[PDB]
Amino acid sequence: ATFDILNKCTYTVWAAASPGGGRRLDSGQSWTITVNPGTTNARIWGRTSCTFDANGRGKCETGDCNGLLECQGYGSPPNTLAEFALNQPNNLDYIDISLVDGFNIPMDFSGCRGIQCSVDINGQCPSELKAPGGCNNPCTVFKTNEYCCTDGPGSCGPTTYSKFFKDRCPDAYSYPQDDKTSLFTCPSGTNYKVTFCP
């Protein structure tokens, strides 16, 4: 599938993708990439307040991926995530927005359907979760089963912290096993758009 990633934010967002790399997107700028069929574990995100040298090495305030402009792996929370797995059994793509790795930039992720998390989550973030330039999931900050779901299927459920996210962005994953209301499919052959600050 092709993904068009567009920055509508008034500030620069350094877009990233696993797999795909990364690009500086000033306001209004787009980057289009191809992710091949069968790819799983994939994600697109944006990074805020980056500094990079002439070789693309540096650091971002949110979503940094091992200090590279061109990501070769996942970023550091908090980062709003567009997650996808392509061309899975029965020709289904599995898509979602996740806040399980935190929020940093409001996002729209569209394909056969539009999913959005566009609220001022940073401005309303609980003091327990606040991070420079974003809002961490409780699981990232507090390493307990109640937030992280490590103890098996059904061992965790919504918490006052997951609900902070879920009340505001009902369609995104708010805790690791938030599947029934956050996991979507599109028929395979769909193409996608990720928009920052929709």
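The first residue of the sequence shown is number 1, and the count goes up from there.
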query	finding
Segment of higher mean CA temperature factor, 14-22 or 179-187	179-187
132-140 versus 147-155 - which carries the larger mean C-alpha B factor in the record	147-155
Out of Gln124, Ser98, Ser76, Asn104, residue topping the C-alpha B-factor column of the entry	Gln124
Identity of residue with top Cα B-factor, from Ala172, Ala42, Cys65, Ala54	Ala54
Relative C-alpha B-factor of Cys112, binned into the chain's lowest, middle or highest third	highest
Modelled-residue ranking by C-alpha temperature factor, third containing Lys163	middle
Ranked C-alpha temperature factor of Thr32 among modelled chain residues, by third	middle
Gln72 by Cα B-factor - lowest, middle or highest third of the modelled chain	middle
Record-listed C-alpha B factor of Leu81: chain third	lowest
